[PDB]
Amino acid sequence: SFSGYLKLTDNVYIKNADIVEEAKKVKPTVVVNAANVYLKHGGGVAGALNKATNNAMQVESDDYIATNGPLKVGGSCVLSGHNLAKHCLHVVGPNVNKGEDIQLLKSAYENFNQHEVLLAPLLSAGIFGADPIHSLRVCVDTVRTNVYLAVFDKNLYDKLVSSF
Ligand SMILES: O=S1(=O)CCC[C@@H](CNc2ncnc3[nH]ncc23)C1
C-alpha cells in the first residue's frame, strides 16, 4: 500500500515523491490529476501523468471534451487511470497566473470527498501559481476522505512539514 508517508492529520498524509512514480508502484484506486478545463495535459502533474500513459490519457480526454465541453474551474471528472490507477480524478484548481479566483481552490478540493482514498498532488501549486503552503491548508480543512499527497520538490516538502 502507501508507504513512507508522514501523517499530518486524521486523514491527510504527505510524502516527497513524484506522483507518477507513486502511482506506478502503488496502483491506487484513484490518482488525482492537476487538470485544466480543456484537459490539455501539457506539463506539470498532467503532462507527467499523460506521458506515463503513452498519451492514452490525452486521447481519452480529447474524446471527453468533444462530447461534454470544458470543465469548470473548481470542477472535476472521473476518467480511466490507464496503467497508473483504476481511475483518474481530473480536478481543476484555479490558475493564479490567469487571474482565477483562489477561493475556487476549496471547491476543487471538495471533489476529493467523493472518493474514500486518493493519491493526489497539491492543487493550484507548481505551474498553477498558488502558494503550496496555502494549498496544503485548504486540503486539510476541506478534504475528509483519506488523501495521500505526493510533493515533487524536496525543499518545498520540508518547508510544508516544518510550517504545518
Ligand atoms: O513540488 S512542486 O514544484 C510545487 C508543488 C506542486 C507540485 C505539482 N507538481 C507535481 N506534483 C507531484 N508530482 C509531480 N510529478 N510531475 C509533476 C508533479 C510541483
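What follows is calculated from the coordinates using simple rules that are stated; it is not laboratory data. Positions of Cβ are generated from backbone atoms using ideal geometry, with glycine treated the same way; all protein chains shown enter the neighbour counts.
From the phi angles alone, apply the Karplus equation (6.51, -1.76, 1.60; θ = phi - 60°) to the stretch 45-52 and give each ³J(HN,Hα) in whole Hz, x where the residue is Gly or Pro.
Once rounded to whole Hz, the list reads 4, 5, x, 5, 4, 4, 4, 5.
Using just the C-alpha positions of the stretch 6-161 as equal point scatterers, what log10 of I(q)/I(0) does the Debye formula give at each q in 0.15 1/Å?
Log10 of I(q)/I(0), two decimals: -0.70.
Using alpha-carbon pairs under 8 Å, 6+ residues apart, how would you state the relative contact order of the chain in percent?
Working: 319 pairs, mean separation 47.9, N = 164.
Value for the chain: 29 percent.
Filter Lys72/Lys154; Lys40/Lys106; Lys25/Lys72 down to the pairs with a C-alpha to C-alpha distance above 28 Å, please.
In this structure, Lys72/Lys154; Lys25/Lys72 exceed 28 Å between Cα atoms.
Using the beta-carbon distance between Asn83 and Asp131 and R0 = 22 Å, what value does 1/(1 + (r/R0)^6) give for FRET efficiency, to the nearest 0.05?
With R0 = 22 Å, the Cβ-Cβ based efficiency is 0.10.
Can you run phi through the Karplus equation (6.51, -1.76, 1.60; θ = phi - 60°) for the stretch 12-20 and list ³J(HN,Hα) in whole Hz, with x for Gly and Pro?
10, 10, 9, 8, 7, 7, 7, 4, 5
Fewest first, what order do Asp18, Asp158 take by the number of other Cβ atoms within 10 Å? Present the calculation step by step, with values, prior to reporting the outcome.
Numbers: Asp18 15, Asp158 12.
Listing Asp18, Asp158 from fewest to most nearby Cβ atoms yields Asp158, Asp18.
Give me the mean projected area, in nm² to one decimal, of the convex hull enclosing the Cα positions of the stretch 20-60.
2.9
Multiply the residue separation of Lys154 and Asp141 by 0.36 nm, subtract the distance between their alpha-carbon atoms, and state the gained length in nm to one decimal. Walk me through the intermediate numbers first.
Details: separation 13, 0.36 × 13 = 4.68 nm, distance 2.32 nm.
Answer, rounded to one decimal: 2.4 nm.
Please figure out what share of the DSSP beta bridges in the stretch 6-161 is antiparallel and state it in percent, rounded to the nearest 5.
30
Provide the gained length on full extension for the span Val117 to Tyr64, in nm with one decimal, where the gain is 0.36 nm per separating residue minus the Cα-Cα distance.
16.7 nm
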